[PDB]
Every structure is written in C-alpha cells, then in structure tokens.
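Below sits a lone chain in structure tokens, taken as the form solved without the DNA.
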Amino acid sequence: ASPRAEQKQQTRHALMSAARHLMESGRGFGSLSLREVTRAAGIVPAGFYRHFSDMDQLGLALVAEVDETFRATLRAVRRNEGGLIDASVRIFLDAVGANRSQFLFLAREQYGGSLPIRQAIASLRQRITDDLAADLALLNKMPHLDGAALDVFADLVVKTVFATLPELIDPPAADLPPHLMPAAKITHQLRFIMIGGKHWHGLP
C-alpha cells in the first residue's frame, strides 16, 4: 500500500466535490479551470497532479461515481416487486433530488467538448440499459421478445426516464395539469411502454 492512502482519497473526493459545487448553477465542465478546483479543495495548484493528470481525468472520475451507487439500486429494486414502475421512478427522482448537480452534469456533458467524457457517459448509460434488458429477460413477462428487441425496448425505457431531466430543474407552472407533472408523466409513459410491450412482435 501507498503511504497516507486515506488522506490522498479525501483530497481526491474534495477535488471532485469542488468540481460539482462549481457546476451547480449550470456551468459546463469544460469551463472549469484546474485552479478554481484546487483552491476550493484547499491544496496548491501543483497538488492536482497527484490525483489527476488533467481535467478530463477528473471528469471521468465524476462519471465513474454513479456506476457503484445509483446503478446498483435500480438493479436491486427489480428483485422485490404494477409497482416496479413507481419504485424505479422514485429511485431516479430521489437520486436527482439528493445529487442534482451530478445528474445535470451527466445529462449536459453528453453535449460537451470532451470526447472521453461523452463516451464514458454513453457507456454508463448503456450499462444501465443492459442491466434492464437482462432483467426483462429474467422476469420473463415478455417471452415473445428476443434479445435484440429487448435491447431496443430497454433503451426506450431508460431514455424515457432520463430525458425528463430538463423538467426536474425548475418548479412546474402553477397551471401544469397533474398528468403532465414530471413524476406522473414518466409513470404513465412507462405503463404505456409496458402495455405496448405485450402487443409488439419485436424487430423485423
């Protein structure tokens, strides 16, 4: 083991946490300078290089965080549960509320200037989609849909939930109908998708 590993780790988390803080009001990752991040972390500018070779590597570390937290809880909830929809929506909604900046980061940096970061978010998205596709096969309530069809179906589900993010930033209009409020809308759309699954032949 490397000496003072806990200390190094807390500084790493501090730098990551500093980046998220700076992006809270909608600043893109690509606009952050090393210096802002290291100062907020409470280390000298040179101390950044003990943890990350560049800002790209820091952004890659922010993406990787979701893989061992959020990703497993969606997978977990499929064992227990109608109401698999509500719980899955709730797990997303909860994760967004408690970690807003990070989800906005994931969504926004899909369109950012870093190729590595665009690719890492895509892979994260795909892993989530793959977990669902596999679970839909296991749960076996659409036994007429083969592997290829489930991949397309699972992509639609994940996107349906995730792409609602723009509607979860600001408070809804006073006059917004209750069936168009973010939580209910996702829910109606996922129930519609599940109904649609029953009648779909799959792919040509």
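Whichever C-alpha set is largest while still superposing within 1.5 Å between the two forms counts as the rigid core. Numbers for residues come from their place in the sequence shown, where the first is 1.
The discussion below concerns the form solved in complex with the DNA, not included here.
Exercise. Which listed residue (45, 166, 26, 147) meets the criterion of a heavy atom within 4.5 Å of the DNA in the deposited complex?
Worked result: So the residue touching the DNA in the deposited complex, by this definition, is 45.
Exercise. Which of 45-53, 134-142, 64-72, 157-165 has heavy atoms within 4.5 Å of the DNA in the deposited complex?
Worked result: Among the listed stretches, the partner-contacting one is 45-53.
Exercise. Are any of the heavy atoms in residue 57 no more than 4.5 Å from a heavy atom of the DNA in the deposited complex?
Worked result: Residue 57: no contact with the DNA in the deposited complex.
Problem set entry | is_contact(residue 34, the DNA) in the deposited complex, heavy atom dist at most 4.5 Å | Residue-level check for residue 34: yes, a contact with the DNA.
Problem set entry | Contact of residue 11 with the DNA in the deposited complex (heavy atom, 4.5 Å) | Within the cut-off, so yes.
Exercise. Quick one: does residue 198 come within 4.5 Å of the DNA in the deposited complex, counting heavy atoms only?
Worked result: Flag for residue 198 set to no.
For this session: Report the residue, chosen from 63, 158, 32, 142, for which the CA moves 2 Å or more between the shown form and the other one after the rigid core is overlaid.
Result: Shifted by 2 Å or more: 142 only.
For this session: Kindly check if the Cα atom of residue 129 is displaced 2 angstroms or more between the shown form and the other one relative to the superposed rigid core.
Result: No, the C-alpha position differs by under 2 Å between the shown form and the other one.
Exercise. Does the C-alpha of residue 188 move 2 Å or more between the shown form and the other one once the rigid core is lined up?
Worked result: Residue 188: C-alpha displaced by 2 Å or more between the shown form and the other one.
Problem set entry | Yes/no, residue 114 Cα shift of 2 Å or more between the shown form and the other one with rigid core fixed | No; that C-alpha moves by less than 2 Å between the shown form and the other one.
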